[PDB]
Amino acid sequence: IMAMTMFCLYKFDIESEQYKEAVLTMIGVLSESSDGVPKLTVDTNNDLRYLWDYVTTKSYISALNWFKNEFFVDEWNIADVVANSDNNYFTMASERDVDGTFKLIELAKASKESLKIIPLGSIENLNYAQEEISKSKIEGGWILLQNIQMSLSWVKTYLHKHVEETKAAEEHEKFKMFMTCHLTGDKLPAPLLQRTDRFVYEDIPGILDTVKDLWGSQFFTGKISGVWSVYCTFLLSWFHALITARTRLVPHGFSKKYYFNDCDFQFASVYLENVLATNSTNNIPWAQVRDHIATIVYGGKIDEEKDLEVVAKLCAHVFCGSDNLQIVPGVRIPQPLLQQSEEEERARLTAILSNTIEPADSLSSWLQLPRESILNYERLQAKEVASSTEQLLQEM
Amino acid sequence: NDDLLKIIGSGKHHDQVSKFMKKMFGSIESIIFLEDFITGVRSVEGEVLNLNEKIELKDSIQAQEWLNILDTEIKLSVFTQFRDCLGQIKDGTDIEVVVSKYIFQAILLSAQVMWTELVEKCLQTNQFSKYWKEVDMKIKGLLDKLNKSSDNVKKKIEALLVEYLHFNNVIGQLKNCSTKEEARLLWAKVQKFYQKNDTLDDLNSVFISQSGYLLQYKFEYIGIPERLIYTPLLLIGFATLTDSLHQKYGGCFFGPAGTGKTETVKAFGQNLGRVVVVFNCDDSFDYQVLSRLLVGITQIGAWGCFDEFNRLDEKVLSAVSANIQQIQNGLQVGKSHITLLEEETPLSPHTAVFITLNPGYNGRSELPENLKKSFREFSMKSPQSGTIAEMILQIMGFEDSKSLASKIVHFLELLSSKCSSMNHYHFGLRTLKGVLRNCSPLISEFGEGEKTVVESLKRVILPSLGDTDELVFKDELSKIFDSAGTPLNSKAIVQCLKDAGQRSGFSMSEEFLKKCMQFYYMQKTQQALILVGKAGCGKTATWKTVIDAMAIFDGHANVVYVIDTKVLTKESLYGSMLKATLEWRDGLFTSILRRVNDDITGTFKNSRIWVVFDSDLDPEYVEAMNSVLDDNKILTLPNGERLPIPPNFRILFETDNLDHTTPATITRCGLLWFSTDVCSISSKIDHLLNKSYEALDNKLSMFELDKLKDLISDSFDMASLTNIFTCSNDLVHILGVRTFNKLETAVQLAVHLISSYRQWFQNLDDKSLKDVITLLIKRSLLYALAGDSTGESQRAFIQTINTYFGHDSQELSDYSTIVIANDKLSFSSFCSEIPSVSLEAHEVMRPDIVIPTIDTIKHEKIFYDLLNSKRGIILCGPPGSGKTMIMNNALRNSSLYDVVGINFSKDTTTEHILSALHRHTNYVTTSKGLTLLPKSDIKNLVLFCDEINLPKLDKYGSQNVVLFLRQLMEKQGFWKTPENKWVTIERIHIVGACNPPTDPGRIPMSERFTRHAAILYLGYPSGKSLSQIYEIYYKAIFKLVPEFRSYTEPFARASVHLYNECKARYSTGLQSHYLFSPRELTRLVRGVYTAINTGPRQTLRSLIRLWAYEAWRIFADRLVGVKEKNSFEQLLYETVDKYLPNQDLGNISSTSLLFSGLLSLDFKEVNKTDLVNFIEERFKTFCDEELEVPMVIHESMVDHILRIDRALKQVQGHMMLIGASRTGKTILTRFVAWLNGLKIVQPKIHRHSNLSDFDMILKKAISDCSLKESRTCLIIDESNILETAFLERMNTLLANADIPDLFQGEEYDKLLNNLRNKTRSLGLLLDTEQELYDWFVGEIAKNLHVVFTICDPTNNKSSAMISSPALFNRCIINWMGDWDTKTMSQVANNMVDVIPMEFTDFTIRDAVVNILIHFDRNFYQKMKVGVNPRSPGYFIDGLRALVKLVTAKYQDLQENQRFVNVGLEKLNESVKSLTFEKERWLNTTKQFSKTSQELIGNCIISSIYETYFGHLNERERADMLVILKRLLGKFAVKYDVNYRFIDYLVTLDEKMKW
Ligand SMILES: Nc1ncnc2c1ncn2[C@@H]1O[C@H](COP(=O)(O)OP(=O)(O)OP(=O)(O)O)[C@@H](O)[C@H]1O
Ligand SMILES: [Mg+2]
């Protein structure tokens, strides 16, 4: 929105009047205000002639990013921003789908180390927290305050005064405090917010990448279950990464934004350990595995009947499957071999991830929803950016 | 603490602990002893549990010690009763045997364990059918046992039935499975109750499996609770709860209210032998108590449910939510001890927290963030009904329960898709539970077959359907299932219904029989009945007919109580409690029940009691009775009690709409929708006639009666009238009422008009007789259909009547009348004869003066005729149309009726009506009607309710004051608000005037009230009658100037011309207050008289100017701006030239004609020079004597002083001044009031002022005006009106001249006493109570004078002032909205009168003032937006800044010029080498003249910065400065080009300090 706006804020004063109505009749096409073909002159404008080519090719995401490239700016990486920034405080909000907690780990590792993750949980965590805060500034270590919004009542009393009083934090050793927020969620005090630097973690992982990230930790748990189980834990890895991928695509996709957690995976895997623990190793237990995953574990938060069918139809494909599953078009998962090596099978199932590379059309090929729905969605988020910019121009 | 102390204290007794157990256990109510020994405990349900070991007690034993043993033994005792029982059933024992000896909790668990065991093996063998019948038989066996059982064990069987149905249902489902895998899937979803045949610790022996997860049954007593029917949905909820608990997480379900989320958590507990503690959150619930209970739950290891957690207050919610985290975080980790409420308390791992989340207006609620990773949220949904339906059918006596449940649901579901979407239609399960509930008595009549279901569908669903949907029901009912041909109770009721209606007057039509049948069948089943329909549908007729037919058929009498629901308050009706003394008095609804319940002294047992609510029904009132509408059938008091209602006592609701009521309220009651009127137009008439004839029998001989009823029948036939009523619709009706309800108006009139001429029907010609009849009937028919019509339409309809009636029959004329002789019986038809009026000068304005017109007589006759009928009248029409006078003069004349005037305001109460009646009415306690309320004198009384469409309506939208009148009109008696008894009003009439409700201020009236009124729309007259009427007005006042008696007509024609033109030129399209009527004319004519009656003998040039003055004050003072104001100047000129052609007139503008009685003893035109000087000498005096404030007396102000003066002189003097701000409107008012010798009262309001404060301010000012003869002038500013009511009080003080409320009850009696004292002191005793009050009010009207000062009429609160009718009509609106350029210059000049200045280029003073005006004109023109709300203020303060700044700068310029002159004398004394440069210092000396040139214009800029700039932007200031500098450039004033506001007024010492 700020791209398209600032582009028109510059070029309307700088370029021709014929330029003005041409680009505006284009921004009108991206929005549902109007549809037209702009005024066309041989060699008259070439950058503008290149833009309409994006809009006429029904390619929406491309035409929206056009205005970003036209700024000719290095779009600053949270690291660069932090490095430039000259304050010991930062609040980075983000959507509930992701958390930049793990981005901060690699940000600290690559420069200055000193990573300290601090959950604000109960009295103990806030109480330990306030102790680790006063000591880290003297030490100069980095600190993170995970999900403050929940512990907020405390913020207005202890943190609001504490951060305000600490003008000696400038005097104190190189130290940097970070706080994670959620944009959809409890509203932070404005005065504390204005004092502290702000970032939005907008970095969304691909399906395959999230599968690899789910499966990655799973080896840390040890070994307590069958070799066969690791196959079901692999199945769930794909499943969870497939519904999370669907969560963002709405309305086309899911009816509302639903949030699914690492808690949802945990409650699902717990049920899986339990079904394999209470049944024989025969594959056929599969029937009530789907029902319980699709209606209690994940279908719990779902309230709309439309969407409850979608979670079920995902379980239909991810869980029931004899000999070959074929989660995605390219990748087939075969059921455990007779050799029954549990160490081999981990490595085999990791290898199947390393073999595949996520296609261009992933959201339509992998999430079995149609291509025409994805375009419908691309069109709508285009319309939202284009609208809000026109609104902004006329307001000033 | 307090309860606990009672237990430690009550130890001696022991038995007194049983009270407190109910709390600390939840299941049990009281404990059983053998005194030394505890034999057992009994539950809140009534079930008796006996322990294994009776616990021994001694006196010196502690409660804590003995009770702790009981908790342990109570659980053990349940295991014992469980194993004992389980073992029995295992040994092939019929369940009917077991029930009689084992507690429910035990038997339930035993069933579950054996069931589970028996089905577990049955999955392997697939022997389902063998086990199924087996189970099915136990079900039937239990059912028949129940019918013959003791109420206590009746609970136990029913509770078990819920379970056995579950058993068989699951087995049947299992029989049906395609394969064995299918069966193992279904079985996994179910709650399977296992026992360990392995092990010790028996309390821990029973466990429960579901979805693979296990959960140990704790052995707590549950008693015998109401067990929820098992649904798939219920199991899924159980399954989510078990899935959360298994992983040590909290259970949480969100969803819409009525989805049973807490009931689930209660049940999920029970299934596992746990009594869940439910916290109803935010029912004004303390945090301190909850914090205690949370510690107890973590110690005792119980389950807590937060019932509607969402509803907590943010401070509480934070605190609670944080605590809950401790518990759930303690569990997930498993910490042995956790800290909460800042103390170390231990945590049982059996503990769980459950949260139910009702949705807000915004959405389905959420858990606080911290709780999100501690709980598991789930979505409760209403149960798909089919499953509930089947079980319910199973319990009653099934037949085929599966087919009915599928079929009923399909049909209900089908109706929903196939009927119209109508508001009150509910085809939700609530509805099928109701069909099913209604089914049980029905089964008794017929069968446990579909046919009984079919009938119950049409018993419930059909009475609420409307004609289109009524077939859809019938079409799809037969489409889904066909049952039978013939109905029971078909003949017997029907002849009892026909016989009741023949007696009542009614006609048994298709529909009237139908809705009578629908009703009869419903009272049977339903105890609360609703009747919904249009006003005049037939409801009162339906129920009054059916109820009457039941006393014929049963032999049971009825006792009906018809109460208007919304006339009385919730406190007047249910029971009102007083906050401090807590004194409880009965009410109305509750007090009539105490006759039946508390003391059935006479016969109530064999009687049927019906309490009818005739008024509109709303949530607040039904919610206060919802418990009677519930399955409870008991009344719950606000404080003190529950009163149970018998089966005789039925509550009916007749109303016109439902919009307000909740779907929950409908579905508890039986709803009877009246799609259309029960009865035919004709049939209505028929009944109406006969109803009218019965009244006459009491006052007319049978011979007379027999003959007159014969006449009516042969004169009017239905065939003719049918077209007449049809044509009635093709007509524009003011105050619209439907044809059908207008009928009573015809027949009641018609019969009275014929009973009028009864004597002349003895000897008159039989052909001629018919002509008298037909004429009357054609007349009465006209006003009843077209009376509320334009009359332009009446005339048109008159021909329409004539058309459709027989051609030969006496035709109707506009003014057609029947006439008989003064001294001899005669007969002839003549119309329009008028008595001729001559009135003296003094008579001219009087609240009771009528100059009769062809039309005044026409209306006054019809108006009087309707009252003879005694039908209520609504005179609807424009303001000044004469609706009040026509009503008043027709009755001020006759001996029969006596009028009583009530004015209604936006918020008037039903008590004000009563208090106004009490003044002219006397209650008599005659045993004939019990209490009655006739008039205080023998002959008939008429309430005149003026502005009847003014009182406002409940937020629901229901005006009670109107419903009260409706009560009086229809019921003829009302219920006493405090004393609670029926008083039947005798011989009292209701008449009302209202404005068209298309007019602003006006409220739409309920058809249920206007149905009992005859409506006559009276409009404005002619423009040629108006000319004629005011001729007679001028004729009367020109008795005082007989030399111009020939001038009355062109004055009357001119006045009317001026009126017609003002009304045309200045409309409500330009300004809202531009509203003219013949009241203006009357204002003008009287305004003219008062000038004459107190003026010098008059020349023709005088009188036209006298007339012109009043013309200005009446028509043009209200005019805004100048384009319109000048338009009137030209109009006034145009009118005199057209009607009074003279060359003797002068300047007719208001500024040039100034008339006053301040200078002369006689009201005369005064000299401008003579007046200004007179004001000047009196203002100094007023300035000296009163508050010291100096001002400039200017041309506008003199004109305005006279305007206020005239206002404050007239009997009723109300002027509202519209002056922007600082115009001086408040100061002039104080002045002119002081000249007139008025006490100036100004309400001392403030932010923390109550209505009571203002009430006091008002009351005093009123009491002083009458009982002290004070003569006060009340100045009310727009700021003083803090609420709606404050302005309403001001209205009551102008529409009437008293505020009723201030003096009521005892304070009425004290006023009344004091009134008699002063009246006699003055020397007049007044015969009656009415004679007294009218002195009081009249005294106020002439001594209290209200002036309003509103600044921005654009403001919505100040708009409401001008809007208010009371204020608009009785105030003189006056406009001062802006200072004109001339008045600005006048004021500017006198402020810069002080002359520091010296000669400049070009006048110097003249230039300065012209700049400031041109700056103020440019400031508001550039900066301010919006249309002319704001005016000269900064201008005054900008001039005041300049004066202070020039004086400060010129005295400092002359001070520095004196500092260089003193240095000039000192250097000349000395004269060496450098000092002659110092002498040269004439550059500075030369410089001074240039410095002084610019200081006047520099002060201009500095003053403008201080005043105009303070609130302007960086750029806004700079830009105005340029416009100021270029204004300084046009005018020959010099300014500094390099000028800086900071450096010019800030000093470096101060700039540093800041
Ligand atoms: N069968 C009938 N024959 C003749 N007239 C009838 C018949 N039924 C009803 N009426 C007329 O209609 C009127 C019915 O009164 P009712 O109070 O039922 O109307 P309503 O719809 O309840 O009005 P509201 O809603 O304002 O109470 C009666 O006065 C009567 O004149
Ligand atoms: Mg009625």
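Below is a summary of the structure that appears in this document. Sequence-order numbering is used: residues on each chain count from 1 as written, possibly diverging from the entry numbering, and only residues with coordinates are shown. To label them, take the chains in the order written and letter them from A, then take the ligands in the order written and number them from 1. The structure shown is incomplete relative to its larger assembly, and all values pertain to the part shown. Side-chain figures throughout are based on the complete set of non-hydrogen atoms in the structure, without hydrogens or water.

1. Details of empty space enclosed by the protein
Residues and elements named next belong to chain B. Cavities and pockets are defined on a 1 Å grid built over the protein atoms alone: a cavity is a set of grid points where a 1.4 Å probe fits but cannot escape, while a pocket is an open set with protein on both sides within 12 Å along at least five of seven lines, and lining residues are those with an atom within 4 Å of any such point. Grid points are joined across faces, edges and corners, and a volume is the space filled by probe spheres set on the points. A volume near 100 Å³ is recorded for the largest cavity. Note on conventions: DSSP H or I runs of at least 4 residues are helices, E runs of at least 2 residues are strands, and numbering of each starts at the N terminus. Take the lining of the largest cavity: its biggest share by element is four residues, from helix α54 (residues 1434-1470). Charged means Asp, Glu, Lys or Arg here, nonpolar means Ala, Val, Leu, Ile, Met, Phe, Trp, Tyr, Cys or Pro, and polar covers whatever is left, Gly included. Its residues assigned to classes, the lining of the largest cavity comprises nine nonpolar, one polar and no charged.

2. Remarks on the packing of helix α11 (residues 227-248) of chain A against helix α15 (residues 342-355) of chain A
Residue and element names in this part refer to chain A. Across the interface, α11 lies against α15 with an axial gap of 9 Å and an inter-helix angle of 20°. Taken together, α11 and α15 sit at an angle that is classed as roughly parallel. At the point where α11 passes α15, the crossing takes the right-handed sense. Packed against α11, whose contacting residues are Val227, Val230, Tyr231, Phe234 and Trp238, the element α15 presents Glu342, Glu345, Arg346, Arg348, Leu349, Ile352 and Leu353 at the interface. Classifying every residue of the contact of α11 with α15 by side-chain character gives eight nonpolar, no polar and four charged. Working convention: axes come from line fits to C-alpha atoms, limited for helices to the stretch in contact. Angles between N-to-C directions cover 0 to 180 degrees. Small angles under 35 degrees read as roughly parallel and large ones over 145 as roughly antiparallel, with 65 to 115 read as roughly perpendicular and the rest as oblique. Each crossing is labelled by how the near helix is turned from the far one, with a counterclockwise turn of less than a right angle marking it left-handed and a clockwise turn marking it right-handed. Here, residues are in contact when the closest pair of their heavy atoms is within 4.5 Å.

3. Focus on helix α1 (residues 2-14) of chain A
All names here are of chain A. Taking 1.5 Å per residue, 13 residues should reach 18 Å; α1 reaches 18 Å between its end C-alpha atoms and fits that length. Burial in α1 covers these residues: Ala3, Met4, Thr5, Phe7, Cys8 and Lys11. Lining the buried residues of α1 we find α2 (17-30), α3 (47-56), α4 (60-69) and α17 (371-395). To estimate the expected span of a helix, count its residues, drop one, and scale the result by 1.5 Å. We call a residue buried when its accessible area falls under 20% of the maximum for its residue type, exposed when it is over 50%, and partly exposed in between, using a 1.4 Å probe and counting protein chains only.

4. Some points on the interface of chain A and chain B
Tallying the contact residues gives 33 residues for chain A and 31 residues for chain B. In total, about 2,500 Å² of surface goes out of reach between chain A and chain B, with carbon and sulfur atoms giving 51% of it. Put simply, buried area is how much 1.4 Å-probe accessible surface two parts lose in total, over both of them, once they are put together. It is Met150, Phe267 and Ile296 of chain A in chain A that bury the most area against chain B; as a group they hold 23% of the surface buried on that side. When a carboxyl oxygen of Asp or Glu is within 4 Å of a side-chain nitrogen of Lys or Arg, the pair counts as a salt bridge. If you look at where chain A meets chain B, you find four salt bridges. A salt bridge links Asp264 of chain A to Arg376 of chain B; the shortest N-O distance between them is 4.0 Å. For the purposes of these results, a polar contact is taken to be a pair of N or O atoms within 3.5 Å, where, inside protein, one atom must be able to donate a hydrogen and its partner to accept one; residues adjacent in sequence count only when each atom of the pair is a side-chain atom. Linking chain A with chain B are 13 residue pairs in polar contact. Sort the elements by how many residues they give to the side of chain A that touches chain B and helix α12 (residues 262-278) of chain A lands first, with eight residues. A breakdown of the residues in the side of chain A that touches chain B according to their chemical character gives 12 nonpolar, 12 polar and nine charged.

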